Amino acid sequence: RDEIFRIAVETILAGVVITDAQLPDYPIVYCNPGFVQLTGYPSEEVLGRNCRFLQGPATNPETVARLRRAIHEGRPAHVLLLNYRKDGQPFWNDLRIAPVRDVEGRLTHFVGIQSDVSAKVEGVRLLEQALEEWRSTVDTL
């Protein structure tokens, strides 16, 4: 059974991580190949580290703060956060986190699903830029 759920995660293209919520600083104890391709970091450089290493220059500190609180309160969270690949390229990370609890209700882990939506959001920005330039002229008219 379990073998097959692992292989399901291994098959997913989105980044999947599991962090240990009973160790200090919620270290990554698993990542899938999709996380390697998404971030540019091999697993050897991922395991045992907090995910915050993905953050960079323009990452929004408010979003990081909202994420921090969710985790410390053992709650799910779904944010869009600016992250950076190992090569320094920025990417927009549609990030979802969910707590894992055992039969006693003890928080043991977090799961995290990371999806690159750079292309999608970049297309919005350009479309909205073209469209704002138009509606501004219709405002004068």
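The numbering used is simple: start at 1 and walk along the sequence shown.
Between 131 to 139 and 4 to 12, it is 131 to 139 that carries the larger average Cα temperature factor according to the deposited entry. For the pair 43 to 51 and 109 to 117, the record assigns the higher mean C-alpha temperature factor to 43 to 51.
Looking only at 100, 38, 65, 79, the residue with the top Cα B factor in the deposited structure is 65. Remark: of 34, 57, 61, 90, 61 shows the highest value [criterion: C-alpha B-factor in the PDB entry]. The PDB entry assigns residue 122 a C-alpha temperature factor belonging to the lowest third of its chain's modelled residues.
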